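Working notes for the structure below.
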Amino acid sequence: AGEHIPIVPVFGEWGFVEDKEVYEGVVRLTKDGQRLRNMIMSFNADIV
Amino acid sequence: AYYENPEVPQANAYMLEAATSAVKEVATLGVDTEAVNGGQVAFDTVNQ
């Protein structure tokens, strides 16, 4: 029935790397420190 | 001469610090109130 496409994507933080699109939550480089913090934890698990 | 007792490993102690820190992160919901909403809105809105 519509005269335009009725599906609208939303994005958290949107932009171009330069040639193509890129988008992210808040979580993009959060994963770097989180898995790191777990590594140090789990290494000491062996010692326990 | 005197008997040196286990003081509890610093490894075990440092692991216990990461143990107590693991639980209290997810306890917070963004809540800052003594009643519904106040940054816990996500849980209350899906109920209604």
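Read the figures in this text as sums done on the coordinates, not as results from a lab. Note: ideal-geometry Cβ built from the backbone for every residue, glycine included; neighbour counts use all protein chains shown.
Details
- Of the criteria (1) under 16 Å from the mean Cα position of the chain (by Cα); (2) closer than 23 Å to A:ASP46 by Cβ, which one B:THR28 fails: (2)
- Just one residue in the set B:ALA13, B:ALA42 is more than 14 Å from the chain's Cα centre (by Cα), surrounded by 10 or more Cβ atoms within 10 Å (Cβ to Cβ) and within 12 Å of another protein chain (Cβ to nearest Cβ); that residue is B:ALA13.
- Check on B:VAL8, among the β-branched types (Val, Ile, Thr), part of a helix (DSSP H, G or I) and within 14 Å of another protein chain (Cβ to nearest Cβ): no
- Filter result for B:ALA18 (within 14 Å of chain A (Cβ to nearest Cβ) and in contact with a helix residue (DSSP H, G or I) (Cβ under 6 Å, 6 or more places away or on another chain)): yes
- Set side by side, the residues B:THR20, B:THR33 differ, and just one is in a helix (DSSP H, G or I), free of Cβ contacts under 8 Å to residues at least 12 places away in the same chain, exposed (fewer than 10 other Cβ atoms within 10 Å of the Cβ) and out of contact with any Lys or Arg (no Cβ under 8 Å at 6 or more places or on another chain), which is B:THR20.
- Total residues in chain A satisfying the condition of being exposed (fewer than 11 other Cβ atoms within 10 Å of the Cβ), more than 14 Å from every other protein chain (Cβ to nearest Cβ), in contact (Cβ under 8 Å) with a residue 12 or more places away in the chain and of a type in the set (A, V, I, L, M, F, W, C): the figure is 0.
- Test: residue in region A:8-16 that is part of a loop (DSSP other than H, G, I, E, B), touching a strand residue (DSSP E or B) at 6+ places or on another chain (Cβ under 7 Å) and more than 29 Å from B:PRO9 (Cβ to Cβ): yes
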